[PDB]
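> My structure is in structure_33.tsv, and what it holds is TSV, C-alpha atoms and all ligand atoms:
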```
chain	number	residue	atom	x	y	z
S	2	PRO	CA	11.72	-25.00	9.82
S	3	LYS	CA	9.20	-24.76	6.94
S	4	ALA	CA	6.22	-22.43	7.25
S	5	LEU	CA	3.05	-22.36	5.10
S	6	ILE	CA	1.09	-18.99	4.96
S	7	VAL	CA	-2.39	-19.14	3.27
S	8	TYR	CA	-4.38	-15.87	2.98
S	9	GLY	CA	-7.78	-14.80	1.57
S	10	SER	CA	-7.68	-11.03	0.66
S	11	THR	CA	-10.09	-8.91	-1.45
S	12	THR	CA	-8.62	-5.43	-1.27
S	13	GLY	CA	-4.97	-6.44	-0.57
S	14	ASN	CA	-4.78	-5.77	3.22
S	15	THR	CA	-4.56	-9.32	4.45
S	16	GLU	CA	-2.25	-10.09	1.50
S	17	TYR	CA	0.13	-7.22	2.55
S	18	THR	CA	-0.11	-8.61	6.10
S	19	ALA	CA	0.80	-12.17	4.87
S	20	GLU	CA	3.82	-10.77	2.89
S	21	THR	CA	5.03	-8.87	5.95
S	22	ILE	CA	4.87	-11.96	8.19
S	23	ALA	CA	6.51	-14.08	5.39
S	24	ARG	CA	9.55	-11.69	5.35
S	25	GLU	CA	9.91	-11.68	9.15
S	26	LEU	CA	9.99	-15.53	9.18
S	27	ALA	CA	12.36	-15.67	6.21
S	28	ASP	CA	14.83	-13.21	7.86
S	29	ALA	CA	14.71	-15.43	10.93
S	30	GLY	CA	15.68	-18.44	8.82
S	31	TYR	CA	12.47	-20.28	7.95
S	32	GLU	CA	11.66	-21.62	4.57
S	33	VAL	CA	8.32	-19.98	3.77
S	34	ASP	CA	5.74	-20.81	1.14
S	35	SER	CA	3.09	-18.04	0.88
S	36	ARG	CA	-0.13	-18.80	-1.09
S	37	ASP	CA	-3.39	-17.12	-1.99
S	38	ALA	CA	-6.32	-19.32	-0.74
S	39	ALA	CA	-7.90	-18.96	-4.27
S	40	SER	CA	-5.13	-21.26	-5.65
S	41	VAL	CA	-4.77	-24.09	-3.12
S	42	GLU	CA	-6.49	-27.46	-2.73
S	43	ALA	CA	-7.39	-28.50	0.89
S	44	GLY	CA	-6.37	-32.16	0.62
S	45	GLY	CA	-3.06	-32.70	2.56
S	46	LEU	CA	-2.34	-28.93	2.22
S	47	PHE	CA	-0.48	-28.89	5.58
S	48	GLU	CA	1.56	-32.06	5.07
S	49	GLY	CA	5.25	-31.54	5.74
S	50	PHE	CA	4.99	-28.03	7.23
S	51	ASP	CA	6.25	-27.23	10.71
S	52	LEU	CA	4.16	-24.07	11.11
S	53	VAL	CA	0.97	-22.98	9.30
S	54	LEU	CA	-0.35	-19.37	9.46
S	55	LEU	CA	-3.84	-18.75	8.15
S	56	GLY	CA	-5.33	-15.37	7.47
S	57	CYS	CA	-8.44	-13.74	6.08
S	58	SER	CA	-10.58	-10.62	6.12
S	59	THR	CA	-14.13	-10.42	7.57
S	60	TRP	CA	-17.20	-9.36	5.52
S	61	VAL	CA	-20.57	-8.77	7.26
S	62	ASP	CA	-23.01	-11.49	6.12
S	63	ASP	CA	-25.99	-13.53	7.46
S	64	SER	CA	-24.46	-16.97	6.92
S	65	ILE	CA	-20.63	-16.75	6.58
S	66	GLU	CA	-18.40	-13.74	7.12
S	67	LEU	CA	-15.14	-15.17	5.75
S	68	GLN	CA	-13.57	-13.61	2.64
S	69	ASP	CA	-14.84	-15.63	-0.42
S	70	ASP	CA	-11.54	-17.20	-1.61
S	71	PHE	CA	-11.01	-18.66	1.87
S	72	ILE	CA	-14.45	-20.32	2.25
S	73	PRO	CA	-13.69	-23.52	0.22
S	74	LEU	CA	-10.56	-24.12	2.38
S	75	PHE	CA	-12.43	-23.36	5.59
S	76	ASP	CA	-15.21	-25.76	4.58
S	77	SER	CA	-12.59	-28.56	4.01
S	78	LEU	CA	-10.24	-27.77	6.90
S	79	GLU	CA	-10.65	-31.33	8.21
S	80	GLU	CA	-8.70	-32.72	5.20
S	81	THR	CA	-5.69	-30.45	5.52
S	82	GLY	CA	-3.71	-32.35	8.18
S	83	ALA	CA	-4.45	-30.01	11.00
S	84	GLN	CA	-4.37	-32.52	13.92
S	85	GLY	CA	-1.32	-31.79	16.08
S	86	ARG	CA	-0.19	-29.01	13.69
S	87	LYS	CA	1.33	-25.79	15.14
S	88	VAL	CA	-0.92	-23.00	13.73
S	89	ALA	CA	-1.66	-19.24	14.29
S	90	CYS	CA	-4.22	-16.98	12.56
S	91	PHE	CA	-4.34	-13.35	11.51
S	92	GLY	CA	-6.80	-11.12	9.60
S	93	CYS	CA	-7.65	-7.48	8.84
S	94	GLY	CA	-11.00	-5.87	9.67
S	95	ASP	CA	-12.61	-2.71	11.05
S	96	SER	CA	-13.65	-2.01	14.63
S	97	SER	CA	-16.70	-0.04	13.40
S	98	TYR	CA	-18.29	-3.49	12.76
S	99	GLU	CA	-19.84	-5.62	15.44
S	100	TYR	CA	-17.85	-8.73	14.53
S	101	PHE	CA	-14.39	-7.11	14.51
S	102	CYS	CA	-12.08	-9.59	12.66
S	103	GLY	CA	-14.71	-12.29	13.35
S	104	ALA	CA	-13.15	-14.51	10.57
S	105	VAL	CA	-10.06	-14.92	12.90
S	106	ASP	CA	-12.30	-16.23	15.72
S	107	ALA	CA	-14.09	-18.57	13.32
S	108	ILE	CA	-10.85	-20.09	11.96
S	109	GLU	CA	-9.29	-20.46	15.47
S	110	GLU	CA	-12.31	-22.23	16.84
S	111	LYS	CA	-12.53	-24.73	13.93
S	112	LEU	CA	-8.72	-25.47	14.04
S	113	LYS	CA	-9.11	-26.07	17.86
S	114	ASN	CA	-12.12	-28.47	17.13
S	115	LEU	CA	-9.88	-30.37	14.61
S	116	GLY	CA	-7.08	-30.77	17.12
S	117	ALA	CA	-4.56	-28.17	15.95
S	118	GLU	CA	-2.24	-26.44	18.43
S	119	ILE	CA	-2.89	-22.67	18.43
S	120	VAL	CA	0.60	-21.26	19.27
S	121	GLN	CA	-0.43	-17.65	19.88
S	122	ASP	CA	-3.65	-15.60	20.01
S	123	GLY	CA	-4.62	-14.29	16.61
S	124	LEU	CA	-3.39	-11.03	15.10
S	125	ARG	CA	-6.46	-8.77	14.53
S	126	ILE	CA	-5.68	-5.58	12.52
S	127	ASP	CA	-7.99	-2.57	12.54
S	128	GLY	CA	-7.69	-0.30	9.47
S	129	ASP	CA	-4.66	-0.07	7.13
S	130	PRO	CA	-2.08	-2.75	7.99
S	131	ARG	CA	0.65	-0.54	6.53
S	132	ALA	CA	0.09	1.60	9.67
S	133	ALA	CA	0.31	-1.48	11.97
S	134	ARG	CA	3.62	-2.72	10.52
S	135	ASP	CA	5.19	-2.83	14.05
S	136	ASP	CA	2.39	-5.00	15.42
S	137	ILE	CA	2.62	-7.49	12.48
S	138	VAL	CA	6.41	-7.87	12.87
S	139	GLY	CA	6.17	-8.12	16.67
S	140	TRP	CA	3.44	-10.82	16.33
S	141	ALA	CA	5.49	-12.82	13.80
S	142	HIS	CA	8.41	-12.58	16.26
S	143	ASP	CA	6.33	-13.98	19.15
S	144	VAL	CA	4.94	-16.78	16.97
S	145	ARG	CA	8.48	-17.97	16.11
S	146	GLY	CA	9.22	-17.94	19.84
S	147	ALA	CA	6.29	-20.34	20.58
S	148	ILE	CA	7.52	-22.92	17.98
V	1	LIG	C1	-18.80	-4.04	2.89
V	1	LIG	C2	-17.87	-4.33	3.98
V	1	LIG	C3	-18.19	-5.21	5.04
V	1	LIG	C4	-17.14	-5.35	6.01
V	1	LIG	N1	-17.46	-6.17	7.09
V	1	LIG	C5	-16.55	-6.22	8.10
V	1	LIG	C6	-16.87	-6.96	9.29
V	1	LIG	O1	-18.04	-7.64	9.43
V	1	LIG	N2	-15.94	-7.04	10.31
V	1	LIG	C7	-14.70	-6.42	10.18
V	1	LIG	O2	-13.82	-6.48	11.19
V	1	LIG	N3	-14.42	-5.69	9.06
V	1	LIG	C8	-15.27	-5.60	8.00
V	1	LIG	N4	-14.88	-4.87	6.89
V	1	LIG	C9	-13.58	-4.31	6.92
V	1	LIG	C10	-12.72	-5.17	5.99
V	1	LIG	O3	-12.51	-6.49	6.51
V	1	LIG	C11	-11.31	-4.52	5.96
V	1	LIG	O4	-11.51	-3.47	5.00
V	1	LIG	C12	-10.17	-5.36	5.57
V	1	LIG	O5	-8.97	-4.53	5.60
V	1	LIG	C13	-10.30	-5.96	4.26
V	1	LIG	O6	-9.19	-6.87	4.11
V	1	LIG	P1	-8.67	-7.51	2.70
V	1	LIG	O7	-8.15	-6.31	1.68
V	1	LIG	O8	-7.35	-8.46	2.99
V	1	LIG	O9	-9.89	-8.34	2.08
V	1	LIG	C14	-15.89	-4.73	5.95
V	1	LIG	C15	-15.61	-3.84	4.86
V	1	LIG	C16	-16.60	-3.69	3.88
V	1	LIG	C17	-16.35	-2.84	2.76
```
Before anything else, please render the file you have as structure tokens.

Amino acid sequence: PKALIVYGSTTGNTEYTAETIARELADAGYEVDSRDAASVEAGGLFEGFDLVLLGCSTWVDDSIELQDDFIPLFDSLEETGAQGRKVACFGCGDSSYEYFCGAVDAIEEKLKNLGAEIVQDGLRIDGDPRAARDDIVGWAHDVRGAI
């Protein structure tokens, strides 16, 4: 199976998380393409992929709390080929904030409105993901199991 991982990361946490999930899928036999949201184009981005994993960090804001590189993709999610696509989301944040990993909720709800199939509840990491390595790996393992 071919998996697409797209992440938006400012300080590297969600990017480390994306790389960790990418290895777990690769060791399990998937063909994985991992991309920074700052370099992709929304149009047909999901075409040909069996599984798509989207991730991003949350930044307190009055209009949109998604990490900046991910906003253009998020605003054009309806052109990516999300209907009937198997997808799962993940993101890093901090539980000291009211909207803890609120970007994950935002992305899940819009993929659900576009007809995607959410295969697992989202991975929400509090603090340094290097300390949650077990949780990332375990989540990646359960996502493969739902495909
Ligand atoms: C100024 C600022 C605002 C933040 N706002 C939130 C927030 O609204 N919700 C949340 O869960 N985390 C928030 N965080 C925590 C960051 O999302 C967290 O540091 C995350 O690991 C950053 O991930 P990244 O390196 O992949 O961009 C905020 C951090 C900073 C510095």
> Kindly compile the residues surrounding ligand LIG 1 (chain V) within 7 Å, counting only C-alpha atoms and all ligand atoms, and format them as JSON, numbers by chain.
{"S": [9, 10, 11, 12, 13, 14, 15, 16, 57, 58, 59, 60, 61, 66, 68, 93, 94, 95, 96, 98, 99, 100, 101, 102, 103, 128, 129]}
> Would you please work out which residue, of S:146, S:130, S:56, S:49, is nearest to residue 6 of chain S when using only C-alpha atoms?
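Among S:146, S:130, S:56, S:49, it is S:56 that comes nearest to residue 6 of chain S.
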> Looking at all atoms listed in the file, which of S:104, S:31, S:62, S:142 is the one that sits closest to residue 50 of chain S?
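Going through S:104, S:31, S:62, S:142 one by one, the smallest distance to residue 50 of chain S is for S:31.
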> Set the distance at 10 Å and use all atoms listed in the file: which residues neighbour residue 85 of chain S once local chain neighbours fewer than 2 positions away are removed? I'd like the list as a PyMOL selection string.
chain S and resi 82-83+87-88+112-113+115-119
> Just to confirm, what's the straight-line distance from atom CA of residue 53 of chain S to atom CA of residue 89 of chain S in Å (one decimal)?
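Computing it gives 6.8 Å between the two atoms.
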> Would you kindly return, as an MDAnalysis selection string, each protein, DNA or RNA residue with an atom no farther than 10 Å from any atom of residue 131 of chain S, considering all atoms listed in the file and excluding same-chain residues fewer than 6 positions away?
chainID S and resid 14 17:18 21 137
> So what do you get for atom CA of residue 30 of chain S versus atom CA of residue 45 of chain S, distance-wise?
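Result for atom CA of residue 30 of chain S versus atom CA of residue 45 of chain S: 24.4 Å, one decimal.
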> Name the residues within 10 Å of (-6.5, -14.6, 19.2), counting all atoms listed in the file in the file's coordinates, and put them as an MDAnalysis selection string.
chainID S and resid 89:91 102 105:106 109:110 119:125
